[PDB]
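Here's a solo chain for you in structure tokens, the form deposited in one PDB entry.
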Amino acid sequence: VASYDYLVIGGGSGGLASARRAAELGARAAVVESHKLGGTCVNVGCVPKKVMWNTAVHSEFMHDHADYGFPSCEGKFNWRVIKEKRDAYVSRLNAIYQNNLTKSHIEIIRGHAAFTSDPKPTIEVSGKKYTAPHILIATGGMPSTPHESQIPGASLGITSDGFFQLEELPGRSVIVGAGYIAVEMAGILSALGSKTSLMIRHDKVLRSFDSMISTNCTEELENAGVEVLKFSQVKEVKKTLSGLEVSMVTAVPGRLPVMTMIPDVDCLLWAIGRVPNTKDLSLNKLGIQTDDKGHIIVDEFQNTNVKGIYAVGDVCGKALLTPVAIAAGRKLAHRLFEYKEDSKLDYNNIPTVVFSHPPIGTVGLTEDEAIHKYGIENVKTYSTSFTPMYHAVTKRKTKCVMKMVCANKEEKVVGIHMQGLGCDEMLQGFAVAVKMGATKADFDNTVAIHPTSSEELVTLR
């Protein structure tokens, strides 16, 4: 039984960040990884998604070429070209992260870890045992898929994982789900030329975001040529002579249900949820608490219910973002190796960008949430809607919407919501100000930058 100061299970964002910080503090750490380092962020998430987004962005801008005095650009996107370059870039990152571990003197244990029956928390990887007074579980999650028992033929569809394996642009694609990943995929496929449908169970996408964003976002998708099938769900899928055939039930409220067949589907993409990766850990051998979805339960300091066992990131099922896993993993290392007992991540005011077209940036409370938190009488919002200067000369148009949620008399800024060109790079610094507890006067007292979209947030009235 080889002993370490810190044993990290999972080599993704959370696991890598925590191990690296602990190593700086003097800990002798090891990272167990069964697949590729970089985990979801590098291999099948953040990075490859962003590259594909940059690609779709090129597609749109190329529609405006003629308006801007250039000659029309004629044609066919070649998926294999960018696919090959994207994969290579991912290969470059795997090698970098491996190097990052080595230079820090972190040992890399390759293989699948599982807890043992042993009294003091001990894991086994490929017959060998390993132990540490501090063990971090950061196994992330995976895409959820329907059971054939509930939706026959479900296994004919792919997930975001399968998306990153595609070698050609699908002619006809149907995306099922209404969350950010669904929105993202539909927008990329559609910009690149796939005939795309997005199938949602209600009337709007991103229903957990501020209602101004869910509304605007659903409209922007339609305007960009994505067919949004509202109040619809898949009843069954089947392999026809040429592609798939999707049976769906549409049940608009105040109406009779109607069954529709969607034929000649090349790609059926499930974007319905993510499941934690805890199933093969043997948690129960130590009685580690999970919820009924398999998520590991932790307190505010990332402690599990077992002493010296912690969990961070997607496996805990809260705020499923790379920077959250990183920050929680870092704070945890300072708590354990620097004896900072108050060291923990504040889960409020975490900013999010959704890579739609145009992109979405959000931080803090939605209008409804502030209304529930402070009372209708104590909530004031400010908002604007405009056409970015970029489109002053284009026939194609996109809008920019911004909303500021204030609370109390002081008008403390408790939430910012926007969609528009530039919003992806604009959010970060306002998130700093929101975190610091700025009020509307703080915003108003900052001189504007002209001409930009960003200045709109500092000149709201």
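So that the term is clear: the rigid core is the largest set of C-alpha atoms that superpose within 1.5 Å between two forms. One-based numbering along the sequence shown.
Of 219-227 and 69-77, the stretch whose C-alpha atoms sit farther from the shown form in 8 other deposited structures of this protein, after fitting on the rigid core, is 69-77. According to the PDB record, 339-347 carries the higher mean C-alpha B-factor of the two stretches 93-101 and 339-347. The question of which stretch, 108-116 or 315-323, has the higher mean Cα B factor is settled in favour of 108-116. Ranking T384, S232, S242, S190 by Cα temperature factor from the entry places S242 first. Note on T352, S194, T290, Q150: the highest value goes to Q150, judged by CA B factor as recorded. Annotation for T446: C-alpha temperature factor in the middle third relative to the rest of the modelled chain, per the entry. For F70, the recorded CA temperature factor ranks within the middle third of the chain's modelled residues. Ranked within its chain, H35 lands in the middle third, by CA B factor from the PDB record. Sort the chain's modelled residues by C-alpha temperature factor and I158 lands in the middle third, per the entry. Annotation for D210: CA B-factor lies in the lowest third of the chain's modelled residues.
FYI, the form deposited with a small molecule bound isn't displayed, but the following is about it.
Of the candidate stretches 266-274, 295-303, 332-340, 222-230, only 266-274 has residues with heavy atoms within 4.5 Å of the small molecule in the entry with it bound.
Residue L244 is the only one of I371, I309, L286, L244 with a heavy atom lying within 4.5 Å of the small molecule in the entry with it bound.
Only one of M212, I262, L166, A132 lies close to the small molecule in the entry with it bound, with a heavy atom inside 4.5 Å, and it is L166.
Using a 4.5 angstroms limit between non-hydrogen atoms, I158 touches the small molecule in the entry with it bound. The small molecule in the entry with it bound is approached by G162, whose closest heavy atom lies within 4.5 angstroms of it.
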